[PDB]
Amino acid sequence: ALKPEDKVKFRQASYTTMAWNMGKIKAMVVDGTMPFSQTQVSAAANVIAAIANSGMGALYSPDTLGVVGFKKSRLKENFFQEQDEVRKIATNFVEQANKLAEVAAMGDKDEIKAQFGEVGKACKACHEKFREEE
C-alpha cells in the first residue's frame, strides 16, 4: 500500500494542482487579469472536478499526522474527531466542483463566476477547522 509520506505528498500535490487551476479561473472570471477563454476555463474546471472525484479519502489516515510529504502535514487531528462535519464539507465540495465543470463547459463569465464562488467557499470550509493556519 502507500507509506504515510506518499499519502501526504499525493494529497498536498492534489490540493496544489487544484489551486493552480482555481487561480486561472479567478484570473479570467473575477479579476479580469487574463483574457476569458472558454477552452481554458473549462479545462481548469475539469481538473478541479476530476481531483474532487479522485477518492482523496484514501490519503487520510491517523498515521499521516505530523508526517512530511513535500513539507510537514498541516492536517489537524480534529479531522478524525469530526467525521460528520468532514462528510458534510467533502460531499458539498464534490457537488460544487461537479457543478463548476458543468457550468464552465459552455457557460458565460457571470454563470461561471457564481459557480466558482461556491467552490471557493467549499475549499475555505476546511480552513482553521481541519488545516493548520500559516
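The first residue of the sequence shown is number 1, and the count goes up from there.
Quick one: say whether 8-16 or 121-129 has the higher mean Cα B-factor in the deposited entry. Result of the comparison: 121-129.
Quick one: higher average CA temperature factor, 63-71 or 27-35? Per the PDB entry, the higher value belongs to 27-35.
Maximum C-alpha temperature factor, selected from 97, 106, 44, 90: When the deposited C-alpha B-factors of 97, 106, 44, 90 are compared, 106 is largest.
Would the CA B-factor of residue 58 place it in the lowest, middle or highest third of its chain? Within its chain, residue 58 is a highest-third residue by C-alpha B-factor, going by the deposited values.
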